[PDB]
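**Student:** I'd like to ask some things about the structure below.
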Amino acid sequence: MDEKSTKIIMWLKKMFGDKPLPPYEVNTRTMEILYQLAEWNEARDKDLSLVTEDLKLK
Amino acid sequence: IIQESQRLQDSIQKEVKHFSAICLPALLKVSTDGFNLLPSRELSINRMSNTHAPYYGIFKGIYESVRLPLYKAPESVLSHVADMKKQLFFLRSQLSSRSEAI
Amino acid sequence: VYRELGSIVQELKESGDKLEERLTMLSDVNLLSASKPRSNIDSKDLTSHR
Amino acid sequence: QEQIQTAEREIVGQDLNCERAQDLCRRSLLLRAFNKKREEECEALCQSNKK
Amino acid sequence: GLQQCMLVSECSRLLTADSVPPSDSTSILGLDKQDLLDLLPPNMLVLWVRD
């Protein structure tokens, strides 16, 4: 559990930047939804970065 | 004079035989950054779309595999594969939802 | 007699040297149409790597 | 739609034959320029042989 | 006239390493851009083709 929680807190800090993280109800279900969202966003951001750098070359 | 005359013997027929083996498109140089002349055949747009590139048969197999039509722009390839990965992730979510509902 | 023979050898030699430089150029593997595609992706092929 | 896709494949096959005919034209022009330049060099050697 | 103008300009670009200083570039078949300009139609015919 602690690795998923650290990945979510790190990802939320990266997404919110200097904005204070809004408090939320931390439970199993909200952490699972946030974990899937964080994995999906990391995968999509990698794919988008590769496309953007190829479009610059092209 | 005998030695230098022997070097030049059949000179025309030697050059023509070597010239016959050359790919004319490989001579055509283009500058991307003003300083570096690259053969036009090394440009990724041409490697991927030019019928005379030695890699054309490979990129054709990749386009058939990814179901990208041959009339499309070669810059659309990475964006199409990224949208196919988005589609795979969506179908994975959908199957997970439906299996949980069942 | 010596000066004219020297001109003819100089012209033949310059023509010979320029022929050998052109034959070496025309023999570059990168210019040959029969270059089988490399099985490995070239490190310069950024698009295929991406 | 199969008939259309078959005729589309035949059109793409024809574009490939036009490029070969153009490569022959470019080679034939370069070899004509080369023949002219080698005739001039042969005329220079003929003058040296007359001397 | 149009085919000749296009072929000479295409072949001129195959010879020109435009950015390499002229002393060190071995040209193919030893041909320069000047050797191809001689294969161009008469200048009157070129102007008429362009118009």
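Chain labels follow the order of the structure tokens: the first chain is A, the next B, and so on; residue numbering restarts at 1 in every chain, and ligands are counted from 1 in their shown order.
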Could you list the residues in chain D lying within 12 Å of chain B, using only C-alpha atoms, and format the result as an mmCIF file with N, CA, C and O atoms, in the first residue's frame?

**Tutor:**
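Here's the written file part23.cif:
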data_model
loop_
_atom_site.group_PDB
_atom_site.id
_atom_site.type_symbol
_atom_site.label_atom_id
_atom_site.label_comp_id
_atom_site.auth_asym_id
_atom_site.auth_seq_id
_atom_site.Cartn_x
_atom_site.Cartn_y
_atom_site.Cartn_z
ATOM 1 N N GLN D 5 -11.271 -0.896 -53.867
ATOM 2 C CA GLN D 5 -9.942 -1.161 -53.293
ATOM 3 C C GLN D 5 -8.996 -1.893 -54.254
ATOM 4 O O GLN D 5 -7.771 -1.766 -54.166
ATOM 5 N N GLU D 8 -7.955 0.904 -56.793
ATOM 6 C CA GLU D 8 -7.006 1.775 -56.074
ATOM 7 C C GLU D 8 -5.587 1.182 -56.024
ATOM 8 O O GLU D 8 -4.607 1.888 -56.280
ATOM 9 N N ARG D 9 -5.457 -0.129 -55.770
ATOM 10 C CA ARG D 9 -4.157 -0.827 -55.801
ATOM 11 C C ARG D 9 -3.511 -0.802 -57.184
ATOM 12 O O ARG D 9 -2.286 -0.699 -57.273
ATOM 13 N N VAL D 12 -1.981 2.848 -57.754
ATOM 14 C CA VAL D 12 -0.709 2.999 -57.012
ATOM 15 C C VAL D 12 0.439 2.230 -57.685
ATOM 16 O O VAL D 12 1.585 2.684 -57.684
ATOM 17 N N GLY D 13 0.151 1.076 -58.297
ATOM 18 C CA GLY D 13 1.143 0.301 -59.047
ATOM 19 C C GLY D 13 1.666 1.011 -60.302
ATOM 20 O O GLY D 13 2.796 0.758 -60.720
ATOM 21 N N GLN D 14 0.872 1.907 -60.892
ATOM 22 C CA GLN D 14 1.254 2.648 -62.093
ATOM 23 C C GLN D 14 2.184 3.826 -61.806
ATOM 24 O O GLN D 14 3.132 4.031 -62.566
ATOM 25 N N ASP D 15 1.986 4.525 -60.684
ATOM 26 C CA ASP D 15 2.874 5.616 -60.251
ATOM 27 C C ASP D 15 4.340 5.139 -60.152
ATOM 28 O O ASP D 15 5.268 5.845 -60.546
ATOM 29 N N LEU D 16 4.552 3.883 -59.737
ATOM 30 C CA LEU D 16 5.878 3.266 -59.616
ATOM 31 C C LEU D 16 6.609 3.081 -60.961
ATOM 32 O O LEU D 16 7.841 3.081 -61.007
ATOM 33 N N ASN D 17 5.869 2.875 -62.056
ATOM 34 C CA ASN D 17 6.457 2.688 -63.388
ATOM 35 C C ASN D 17 6.900 4.031 -63.992
ATOM 36 O O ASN D 17 7.943 4.091 -64.646
ATOM 37 N N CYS D 18 6.163 5.117 -63.730
ATOM 38 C CA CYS D 18 6.540 6.461 -64.178
ATOM 39 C C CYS D 18 7.875 6.930 -63.586
ATOM 40 O O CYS D 18 8.696 7.495 -64.314
ATOM 41 N N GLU D 19 8.144 6.647 -62.306
ATOM 42 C CA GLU D 19 9.425 7.032 -61.693
ATOM 43 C C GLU D 19 10.627 6.309 -62.333
ATOM 44 O O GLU D 19 11.683 6.921 -62.527
ATOM 45 N N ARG D 20 10.485 5.037 -62.742
ATOM 46 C CA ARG D 20 11.563 4.304 -63.444
ATOM 47 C C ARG D 20 11.903 4.919 -64.797
ATOM 48 O O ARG D 20 13.082 5.060 -65.126
ATOM 49 N N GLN D 22 11.525 8.077 -65.581
ATOM 50 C CA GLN D 22 12.248 9.308 -65.253
ATOM 51 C C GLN D 22 13.697 9.077 -64.825
ATOM 52 O O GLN D 22 14.572 9.839 -65.245
ATOM 53 N N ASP D 23 13.985 8.030 -64.047
ATOM 54 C CA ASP D 23 15.362 7.679 -63.670
ATOM 55 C C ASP D 23 16.223 7.391 -64.911
ATOM 56 O O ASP D 23 17.333 7.917 -65.042
ATOM 57 N N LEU D 24 15.677 6.653 -65.888
ATOM 58 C CA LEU D 24 16.322 6.419 -67.186
ATOM 59 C C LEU D 24 16.598 7.726 -67.941
ATOM 60 O O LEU D 24 17.700 7.902 -68.467
ATOM 61 N N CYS D 25 15.653 8.673 -67.963
ATOM 62 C CA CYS D 25 15.867 9.981 -68.590
ATOM 63 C C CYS D 25 17.000 10.778 -67.921
ATOM 64 O O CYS D 25 17.856 11.317 -68.627
ATOM 65 N N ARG D 26 17.050 10.818 -66.582
ATOM 66 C CA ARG D 26 18.119 11.505 -65.830
ATOM 67 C C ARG D 26 19.485 10.887 -66.111
ATOM 68 O O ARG D 26 20.424 11.600 -66.468
ATOM 69 N N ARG D 27 19.591 9.553 -66.036
ATOM 70 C CA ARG D 27 20.825 8.817 -66.366
ATOM 71 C C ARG D 27 21.271 9.083 -67.797
ATOM 72 O O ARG D 27 22.450 9.318 -68.033
ATOM 73 N N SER D 28 20.340 9.074 -68.749
ATOM 74 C CA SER D 28 20.657 9.310 -70.157
ATOM 75 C C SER D 28 21.150 10.741 -70.414
ATOM 76 O O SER D 28 22.027 10.927 -71.257
ATOM 77 N N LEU D 30 22.756 12.720 -67.983
ATOM 78 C CA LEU D 30 24.071 12.733 -67.328
ATOM 79 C C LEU D 30 25.134 12.033 -68.184
ATOM 80 O O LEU D 30 26.226 12.560 -68.376
ATOM 81 N N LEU D 31 24.802 10.883 -68.777
ATOM 82 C CA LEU D 31 25.713 10.171 -69.672
ATOM 83 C C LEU D 31 25.962 10.910 -70.998
ATOM 84 O O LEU D 31 27.047 10.775 -71.562
ATOM 85 N N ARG D 32 25.009 11.712 -71.494
ATOM 86 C CA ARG D 32 25.241 12.600 -72.650
ATOM 87 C C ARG D 32 26.208 13.730 -72.314
ATOM 88 O O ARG D 32 27.118 13.974 -73.102
ATOM 89 N N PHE D 34 28.461 13.579 -69.935
ATOM 90 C CA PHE D 34 29.707 12.835 -69.786
ATOM 91 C C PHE D 34 30.357 12.493 -71.129
ATOM 92 O O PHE D 34 31.560 12.676 -71.284
ATOM 93 N N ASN D 35 29.580 12.048 -72.125
ATOM 94 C CA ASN D 35 30.123 11.773 -73.455
ATOM 95 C C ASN D 35 30.720 13.030 -74.098
ATOM 96 O O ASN D 35 31.813 12.948 -74.647
ATOM 97 N N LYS D 36 30.043 14.182 -73.987
ATOM 98 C CA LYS D 36 30.537 15.460 -74.521
ATOM 99 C C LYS D 36 31.872 15.853 -73.873
ATOM 100 O O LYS D 36 32.839 16.115 -74.579
ATOM 101 N N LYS D 37 31.961 15.776 -72.540
ATOM 102 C CA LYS D 37 33.194 16.079 -71.794
ATOM 103 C C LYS D 37 34.359 15.152 -72.172
ATOM 104 O O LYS D 37 35.497 15.590 -72.294
ATOM 105 N N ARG D 38 34.081 13.866 -72.417
ATOM 106 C CA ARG D 38 35.099 12.900 -72.874
ATOM 107 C C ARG D 38 35.493 13.074 -74.339
ATOM 108 O O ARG D 38 36.620 12.735 -74.692
ATOM 109 N N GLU D 39 34.611 13.592 -75.190
ATOM 110 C CA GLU D 39 34.976 13.979 -76.556
ATOM 111 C C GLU D 39 35.958 15.157 -76.556
ATOM 112 O O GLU D 39 36.956 15.086 -77.271
ATOM 113 N N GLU D 41 38.133 15.959 -74.068
ATOM 114 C CA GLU D 41 39.405 15.365 -73.623
ATOM 115 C C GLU D 41 40.094 14.541 -74.729
ATOM 116 O O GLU D 41 41.317 14.587 -74.888
ATOM 117 N N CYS D 42 39.324 13.798 -75.532
ATOM 118 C CA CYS D 42 39.867 13.027 -76.651
ATOM 119 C C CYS D 42 40.426 13.947 -77.752
ATOM 120 O O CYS D 42 41.433 13.619 -78.385
ATOM 121 N N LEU D 45 43.911 15.202 -76.515
ATOM 122 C CA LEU D 45 44.919 14.155 -76.751
ATOM 123 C C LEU D 45 45.288 14.024 -78.238
ATOM 124 O O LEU D 45 46.467 13.885 -78.570
#

**Student:** Could I get the residues of chain A with an atom no further than 12 Å from an atom of chain C, each paired with its nearest atom pair and that distance in Å to one decimal, using only C-alpha atoms, sorted by chain and residue number, as JSON lines?

**Tutor:**
{"residue": "A:46", "atom": "CA", "partner": "C:50", "partner_atom": "CA", "distance": 10.6}
{"residue": "A:47", "atom": "CA", "partner": "C:50", "partner_atom": "CA", "distance": 9.3}
{"residue": "A:48", "atom": "CA", "partner": "C:50", "partner_atom": "CA", "distance": 11.1}
{"residue": "A:49", "atom": "CA", "partner": "C:50", "partner_atom": "CA", "distance": 9.9}
{"residue": "A:50", "atom": "CA", "partner": "C:50", "partner_atom": "CA", "distance": 6.2}
{"residue": "A:51", "atom": "CA", "partner": "C:50", "partner_atom": "CA", "distance": 8.2}
{"residue": "A:52", "atom": "CA", "partner": "C:50", "partner_atom": "CA", "distance": 10.7}
{"residue": "A:53", "atom": "CA", "partner": "C:50", "partner_atom": "CA", "distance": 8.9}
{"residue": "A:54", "atom": "CA", "partner": "C:47", "partner_atom": "CA", "distance": 6.4}
{"residue": "A:55", "atom": "CA", "partner": "C:47", "partner_atom": "CA", "distance": 9.7}
{"residue": "A:56", "atom": "CA", "partner": "C:47", "partner_atom": "CA", "distance": 11.0}
{"residue": "A:57", "atom": "CA", "partner": "C:47", "partner_atom": "CA", "distance": 8.5}
{"residue": "A:58", "atom": "CA", "partner": "C:47", "partner_atom": "CA", "distance": 9.1}

**Student:** Please produce a file of the residues just selected, as a PDB file, in the first residue's frame, where the atoms kept are N, CA, C and O atoms.

**Tutor:**
ATOM      1  N   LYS A  46       4.017  10.334 -21.367  1.00  0.00           N
ATOM      2  CA  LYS A  46       5.137   9.730 -22.105  1.00  0.00           C
ATOM      3  C   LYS A  46       4.830   9.623 -23.597  1.00  0.00           C
ATOM      4  O   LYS A  46       5.646  10.052 -24.412  1.00  0.00           O
ATOM      5  N   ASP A  47       3.658   9.099 -23.947  1.00  0.00           N
ATOM      6  CA  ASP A  47       3.258   8.938 -25.345  1.00  0.00           C
ATOM      7  C   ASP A  47       3.142  10.303 -26.052  1.00  0.00           C
ATOM      8  O   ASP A  47       3.679  10.486 -27.144  1.00  0.00           O
ATOM      9  N   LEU A  48       2.517  11.296 -25.407  1.00  0.00           N
ATOM     10  CA  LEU A  48       2.404  12.665 -25.925  1.00  0.00           C
ATOM     11  C   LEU A  48       3.769  13.327 -26.116  1.00  0.00           C
ATOM     12  O   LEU A  48       3.992  13.949 -27.148  1.00  0.00           O
ATOM     13  N   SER A  49       4.699  13.164 -25.172  1.00  0.00           N
ATOM     14  CA  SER A  49       6.049  13.724 -25.292  1.00  0.00           C
ATOM     15  C   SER A  49       6.803  13.156 -26.498  1.00  0.00           C
ATOM     16  O   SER A  49       7.477  13.910 -27.199  1.00  0.00           O
ATOM     17  N   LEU A  50       6.674  11.852 -26.763  1.00  0.00           N
ATOM     18  CA  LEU A  50       7.289  11.209 -27.928  1.00  0.00           C
ATOM     19  C   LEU A  50       6.691  11.726 -29.243  1.00  0.00           C
ATOM     20  O   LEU A  50       7.440  11.996 -30.182  1.00  0.00           O
ATOM     21  N   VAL A  51       5.366  11.905 -29.302  1.00  0.00           N
ATOM     22  CA  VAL A  51       4.674  12.467 -30.476  1.00  0.00           C
ATOM     23  C   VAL A  51       5.088  13.924 -30.715  1.00  0.00           C
ATOM     24  O   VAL A  51       5.409  14.281 -31.846  1.00  0.00           O
ATOM     25  N   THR A  52       5.126  14.757 -29.672  1.00  0.00           N
ATOM     26  CA  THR A  52       5.517  16.175 -29.770  1.00  0.00           C
ATOM     27  C   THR A  52       6.939  16.336 -30.317  1.00  0.00           C
ATOM     28  O   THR A  52       7.174  17.159 -31.201  1.00  0.00           O
ATOM     29  N   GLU A  53       7.891  15.528 -29.846  1.00  0.00           N
ATOM     30  CA  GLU A  53       9.281  15.576 -30.321  1.00  0.00           C
ATOM     31  C   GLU A  53       9.457  15.050 -31.753  1.00  0.00           C
ATOM     32  O   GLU A  53      10.325  15.523 -32.492  1.00  0.00           O
ATOM     33  N   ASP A  54       8.630  14.093 -32.177  1.00  0.00           N
ATOM     34  CA  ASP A  54       8.614  13.655 -33.571  1.00  0.00           C
ATOM     35  C   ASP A  54       8.008  14.714 -34.496  1.00  0.00           C
ATOM     36  O   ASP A  54       8.596  15.021 -35.527  1.00  0.00           O
ATOM     37  N   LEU A  55       6.919  15.375 -34.090  1.00  0.00           N
ATOM     38  CA  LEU A  55       6.323  16.479 -34.848  1.00  0.00           C
ATOM     39  C   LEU A  55       7.300  17.648 -35.053  1.00  0.00           C
ATOM     40  O   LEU A  55       7.330  18.231 -36.139  1.00  0.00           O
ATOM     41  N   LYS A  56       8.134  17.970 -34.052  1.00  0.00           N
ATOM     42  CA  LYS A  56       9.208  18.974 -34.194  1.00  0.00           C
ATOM     43  C   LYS A  56      10.236  18.559 -35.251  1.00  0.00           C
ATOM     44  O   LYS A  56      10.590  19.377 -36.099  1.00  0.00           O
ATOM     45  N   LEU A  57      10.671  17.295 -35.235  1.00  0.00           N
ATOM     46  CA  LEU A  57      11.588  16.748 -36.242  1.00  0.00           C
ATOM     47  C   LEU A  57      10.963  16.822 -37.643  1.00  0.00           C
ATOM     48  O   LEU A  57      11.564  17.371 -38.561  1.00  0.00           O
ATOM     49  N   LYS A  58       9.727  16.336 -37.790  1.00  0.00           N
ATOM     50  CA  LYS A  58       8.990  16.331 -39.059  1.00  0.00           C
ATOM     51  C   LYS A  58       8.785  17.738 -39.613  1.00  0.00           C
ATOM     52  O   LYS A  58       8.973  17.948 -40.805  1.00  0.00           O
TER      53      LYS A  58
END

**Student:** Based on only C-alpha atoms, which of the residues in chain E come within 8 Å of chain B? I want them as number ranges by chain.

**Tutor:** E: 13-15, 17, 29

**Student:** Neighbours of residue 38 (chain C) within 12 Å (only C-alpha atoms; same-chain residues fewer than 4 positions away dropped), as a compact mmCIF listing (two decimals) with C-alpha atoms, in the first residue's frame?

**Tutor:**
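In the end it all went to part.txt:
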# COMPACT_ATOMS: atom_id res chain seq x y z
CA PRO B 54 15.29 0.28 -49.35
CA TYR B 55 13.21 0.52 -46.12
CA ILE B 58 9.53 -2.68 -43.94
CA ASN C 30 25.95 4.64 -49.20
CA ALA C 34 21.73 -2.69 -53.85
CA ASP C 42 20.35 3.10 -37.06
CA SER C 43 20.93 5.24 -33.89
CA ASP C 45 16.76 6.99 -36.91

**Student:** Counting only C-alpha atoms, give me one row per residue of chain C with an atom at most 10 Å from an atom of chain D, showing the shortest contact pair and its distance in Å to one decimal, sorted by chain then residue number, as a Markdown table.

**Tutor:**
| residue | atom | partner | partner_atom | distance |
| --- | --- | --- | --- | --- |
| C:4 | CA | D:48 | CA | 8.8 |
| C:5 | CA | D:48 | CA | 9.4 |
| C:7 | CA | D:48 | CA | 9.3 |
| C:8 | CA | D:48 | CA | 7.2 |
| C:11 | CA | D:45 | CA | 9.1 |
| C:12 | CA | D:45 | CA | 9.1 |
| C:15 | CA | D:41 | CA | 9.3 |

**Student:** Selected residues, C-alpha atoms, written as a PDB file, in the first residue's frame, please.

**Tutor:**
ATOM      1  CA  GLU C   4      56.447  18.885 -74.446  1.00  0.00           C
ATOM      2  CA  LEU C   5      56.768  15.264 -73.167  1.00  0.00           C
ATOM      3  CA  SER C   7      53.235  18.440 -70.418  1.00  0.00           C
ATOM      4  CA  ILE C   8      51.696  15.231 -71.869  1.00  0.00           C
ATOM      5  CA  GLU C  11      47.929  15.909 -68.293  1.00  0.00           C
ATOM      6  CA  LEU C  12      47.720  12.061 -68.350  1.00  0.00           C
ATOM      7  CA  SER C  15      43.399  12.742 -65.623  1.00  0.00           C
TER       8      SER C  15
END

**Student:** Enumerate as JSON, numbers by chain all residues of chain B assigned to strand (DSSP E) by DSSP on the backbone, naming them with the chain letters and numbers the document uses.

**Tutor:** {"B": [29, 30, 31, 37, 38, 39]}
